[PDB]
Number of protein chains: 2
Amino acid sequence: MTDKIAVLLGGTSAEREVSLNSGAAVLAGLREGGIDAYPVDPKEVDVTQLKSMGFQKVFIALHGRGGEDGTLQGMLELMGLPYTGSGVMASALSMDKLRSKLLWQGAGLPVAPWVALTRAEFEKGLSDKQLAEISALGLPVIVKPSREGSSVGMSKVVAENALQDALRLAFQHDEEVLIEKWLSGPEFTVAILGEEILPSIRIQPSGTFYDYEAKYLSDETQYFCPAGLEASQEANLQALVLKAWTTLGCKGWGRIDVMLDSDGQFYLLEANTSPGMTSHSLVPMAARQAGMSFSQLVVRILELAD
Amino acid sequence: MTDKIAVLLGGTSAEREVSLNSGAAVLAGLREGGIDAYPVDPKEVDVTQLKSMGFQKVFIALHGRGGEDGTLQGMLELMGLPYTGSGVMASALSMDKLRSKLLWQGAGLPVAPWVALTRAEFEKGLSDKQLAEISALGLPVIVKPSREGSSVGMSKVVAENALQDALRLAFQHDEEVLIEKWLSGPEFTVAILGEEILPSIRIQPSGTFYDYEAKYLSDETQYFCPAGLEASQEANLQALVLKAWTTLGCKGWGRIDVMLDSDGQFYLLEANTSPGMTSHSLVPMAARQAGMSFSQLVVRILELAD
Ligand SMILES: Nc1ncnc2c1ncn2[C@@H]1O[C@H](COP(=O)(O)OP(=O)(O)O)[C@@H](O)[C@H]1O
Ligand SMILES: Nc1ncnc2c1ncn2[C@@H]1O[C@H](COP(=O)(O)OP(=O)(O)O)[C@@H](O)[C@H]1O
Ligand SMILES: [Mg+2]
Ligand SMILES: [Mg+2]
Ligand SMILES: [Mg+2]
Ligand SMILES: [Mg+2]
Ligand SMILES: [Mg+2]
Ligand SMILES: [Mg+2]
């Protein structure tokens, strides 16, 4: 018998439905590439039993905490099963937007001005210093949970008195949140596959930002790949993303989200270490422009595992 | 029936002998406190089996990667067992001196000037540019692996032409290495227990730095607790350590190592999320001076767990 591969999909995060779609596509893609792969949903199957179940290797198609944040990676390390994507530290770090931003700023990489808040800071009342820092960002701002994906818990604030509503929403999803300066765009994303940086994609939502609807349900979002940048700027963007990726310590494959601001500079938003892999997701779109079918892409991601 | 507690000790790192000593102390302290505790060494016992063995909670007294770096924490999270100390992300970051330094720099906290190198860079041979950056640090410098403890793999470089030998050593111990400005001292450490910062300790080794012998095997090291700082200065140190702790996201307990430099300012060296607990160890000294028995200290660390 050749290796048996578990495609972990679904799980229990806010991104469960996205992950069910990613894993459905990855399962078929791997089987098309001759890989003996099976779907396993950790919501229904105890993943501590994977080795007992006869699996040799794991393709992680989970998104969000519990699959993307180092916890599952640590279990798999101790179980001794090779797995796709980044290891424990870089997965945990990339899930935490607050600490990714601090790390990048420490490395001299460009990030949007921001204020971080804990639940205790917000619900016990903002200090004068915090209020001053928030005021200095101007409006609009965007508010995000630190540890979500798929634009869950995120919103744009257009009036001072409505910041509290954005903060209450974000605190429904995490214990720590970010208030960030609004960036003008345009918006890009850059996939990484092994040592290869894939062609950037320019993303144009029809509404206010690339929210859950714009990501998964709209026929109106526009995508440009190639992204239409002057060659030197595409190269700059690729080099920025490579430095962001290596600073975090990520490996295997992933996708970094980036926006221009009205000063003409790129700013890093976040890194994703288990990116969406629905048929129509962004990593497959960039890989298609670099000559890879979806099956070729997933077989390559798997080949990179330990 | 009362909880059955596993004290994890020993393991397979360079710090194994220290950990066997830490775990022996912790075990006696817990039992002295009425806790039903038992030692388990992961080198001898398959730790993925703890819950199957009837354990309810885990006291981590391991030191170094694979006990301290988030991997074990992730496994315990998926097994559903509460455990002492920091979670996955903060454990992983605290083991990674390079990324701790970047995060702290991003947060505006004081860190010694440094250069980082990867193994691939070292194997290729160093560029004129990298040598230029290293040269800017001045001399002396210390060379350390990023992810070790107990002063393993470290050397003091007092001549420019001695750097290569120091790197050849540190690369035996990690794939990422730091070259840091040599700090004048004096040297301090600060224990954290729950929400409490304990009074600091001034550490005076007899040799060139606080090396493995000075830490565990010498009767010549001196320790001062209280540290002899002016009241405002002790308060400054505690505040710095609290910020450094909260920036990494650490919880439960730990210990942060700090040095003065010749500008009279404090600089953060590193955080340790499973600190030593031996008769030579620093957390027990801070707890003793703060009016706790060692048994009360370990019962408290356990009570703080999840
Ligand atoms: N500072 C910002 N200004 C404007 N739009 C932003 C900003 N940060 C994020 N966005 C928008 O919100 C989307 C989701 O933000 P991101 O930081 O990538 O979190 P997620 O993990 O949920 O994708 C982005 O794709 C972009 O459309
Ligand atoms: N930049 C430096 N200058 C002078 N001494 C240092 C410096 N960095 C570390 N040391 C010495 O080396 C010891 C161990 O370094 P540390 O960074 O705490 O790593 P470890 O995890 O091995 O303890 C310190 O306790 C201190 O005596
Ligand atoms: Mg994301
Ligand atoms: Mg995103
Ligand atoms: Mg240490
Ligand atoms: Mg020589
Ligand atoms: Mg002794
Ligand atoms: Mg130390």
Side-chain angles (χ1 to χ4, degrees), chain A residues 13-15 18-19 22 60-69 85-86 90-101 104 111-112 142-156 170 173-174 177-178 180 183 185-192 200-203 205 208-216 221 223 241 244-245 248 250 253-259 266-278 281-283 285-286, chain B residues 17-18 20-22 24-25 150 205-206 212-223 276-282 284-285:
Chain A
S13 73
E15 295 178 275
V18 179
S19 178
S22 294
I60 300 170
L62 296 166
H63 318 307
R65 289 168 281 185
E68 198 177 357
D69 71 353
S86 291
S91 295
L93 180 54
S94 295
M95 190 93 297
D96 188 319
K97 285 182 171 71
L98 170 50
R99 293 171 174 90
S100 291
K101 285 180 137 250
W104 281 336
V111 293
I142 204 162
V143 175
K144 43 188 92 167
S146 182
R147 293 169 282 212
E148 269 297 338
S150 291
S151 309
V152 167
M154 284 184 54
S155 68
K156 179 188 191 180
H173 295 280
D174 203 355
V177 170
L178 298 171
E180 289 207 311
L183 299 176
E187 179 170 355
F188 305 80
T189 197
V190 185
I192 305 300
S200 81
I201 300 170
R202 182 164 39 97
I203 300 159
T208 297
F209 63 110
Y210 191 39
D211 52 32
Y212 188 103
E213 179 82 13
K215 288 174 165 176
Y216 307 116
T221 307
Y223 303 98
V241 168
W245 184 250
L248 286 173
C250 294
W253 72 297
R255 204 195 74 252
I256 290 182
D257 298 338
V258 185
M259 293 183 70
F266 291 115
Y267 291 86
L268 296 160
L269 295 192
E270 62 143 358
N272 301 286
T273 57
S274 188
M277 287 292 276
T278 76
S281 277
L282 300 159
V283 177
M285 183 182 317
Chain B
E17 299 301 317
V18 184
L20 289 169
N21 285 329
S22 292
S150 291
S206 71
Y212 191 92
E213 176 185 7
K215 283 174 167 182
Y216 307 115
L217 305 176
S218 171
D219 292 345
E220 303 188 55
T221 310
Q222 296 177 59
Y223 312 86
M277 295 292 258
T278 78
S279 67
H280 282 240
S281 292
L282 298 157
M285 297 175 191

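Numbers restart at 1 for each chain; the letters A, B, ... are given by sequence-line order, proteins then strands. Atoms within each ligand, like the ligands themselves, are counted from 1 in listed order.
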**Item:** A:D257, N/O/S atom nearest the Mg ion (ligand 4)
**Value:** OD2
**Prompt:** Does a side-chain heavy-atom distance below 4.5 Å link B:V18 with B:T278?
**Reply:** yes
**Request:** Please name the atom of A:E270, restricted to N, O or S, that is closest to the Mg ion (ligand 4).
**Result:** OE2
**salt_bridge(A:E148, A:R65) N-O dist < 4.0 Å** = yes
**Test: A:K144 and A:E180 ion pair at under 4.0 Å** = yes
**Request:** Walk me through it: do A:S91 and A:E68 pass the test side chain to side chain contact (heavy atoms under 4.5 Å, CB included)?
**Result:** CA-CA 6 Å; A:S91 295; A:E68 198 177 357; 6.0 Å; no
**Message:** Let me check your reading of the structure: within less than 2.8 Å of the Mg ion (ligand 3), is there an N/O/S atom from A:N272?
**Reply:** yes
